[PDB]
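Report on the following structure.
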Amino acid sequence: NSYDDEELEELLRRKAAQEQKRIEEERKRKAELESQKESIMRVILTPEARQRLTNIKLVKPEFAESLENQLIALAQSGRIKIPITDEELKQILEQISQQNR
């Protein structure tokens with residue numbers, strides 16, 4: 001087409017709406033994964049185990065986020081009894097602390 005200033009303006013306005021759509025879809029995919037993880041945590045941990053992990057996540061988010069993903073995979077496997085109790089979670093944390101701590 002011409003690619004006169006009016007056509008470029010229209011193509012730039014469409015690019016703006018396409019970028020906003022892309023940002024909204026990425027935000028929704030991120031929220032869906034966070035909401036699925038919370039739903040799984042509520043089932044595979046007792047309320048007291050889930051509270052202890054939340055406390056750790058406040059001050060060491062990277063460590064807690066990795067430990068969560070590990071526990072969800074371990075539940076996926078038949079490696080651990082479900083739901084995971086506060087007592088069993090503390091035994092898992094002691095074994096991790098024996099990264100000489």
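Residue names in the structure tokens use chain letters A, B, ... in the order shown, residue numbers from 1 in each chain, and ligand numbers from 1 in the order shown.
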
Point to revise | Surrounding residues of stretch 25-41 of chain A excluding itself and chain neighbours under 6 positions, 12 Å, only C-alpha atoms, as a PyMOL selection string | key: chain A and resi 18-19+47-51+53-54+65+67-73+75-76+82-85

Write a file of the just-selected residues containing C-alpha atoms, as a compact mmCIF listing (two decimals), in the first residue's frame.
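See selection05.txt below for the written result:
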```txt
# COMPACT_ATOMS: atom_id res chain seq x y z
CA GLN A 18 -1.05 -6.24 19.66
CA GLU A 19 1.73 -5.47 22.29
CA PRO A 47 -1.82 -26.12 56.85
CA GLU A 48 1.08 -26.00 59.39
CA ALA A 49 3.68 -27.23 56.77
CA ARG A 50 2.34 -24.63 54.23
CA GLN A 51 2.66 -21.90 56.95
CA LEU A 53 7.19 -22.72 53.90
CA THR A 54 5.40 -19.30 53.54
CA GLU A 65 10.29 -21.45 45.31
CA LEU A 67 11.81 -26.32 47.49
CA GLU A 68 8.09 -26.01 46.51
CA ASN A 69 8.78 -27.13 42.88
CA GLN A 70 10.82 -30.04 44.34
CA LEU A 71 7.96 -31.06 46.72
CA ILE A 72 5.36 -30.87 43.88
CA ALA A 73 7.61 -33.12 41.69
CA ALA A 75 4.36 -35.74 45.27
CA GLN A 76 4.02 -36.35 41.42
CA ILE A 82 0.75 -36.85 50.97
CA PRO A 83 -0.24 -34.64 52.65
CA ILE A 84 3.29 -33.65 53.92
CA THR A 85 3.15 -32.83 57.71
```

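Interatomic distance, atom CA of residue A:87 to atom CA of residue A:45: 11.0 Å.
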
Practice item. Would you please extract all alpha helix (DSSP H) residues from chain A, as assigned by DSSP on the backbone, and give them as a ChimeraX atom specification? Key: /A:5-44,47-59,61-76,86-97
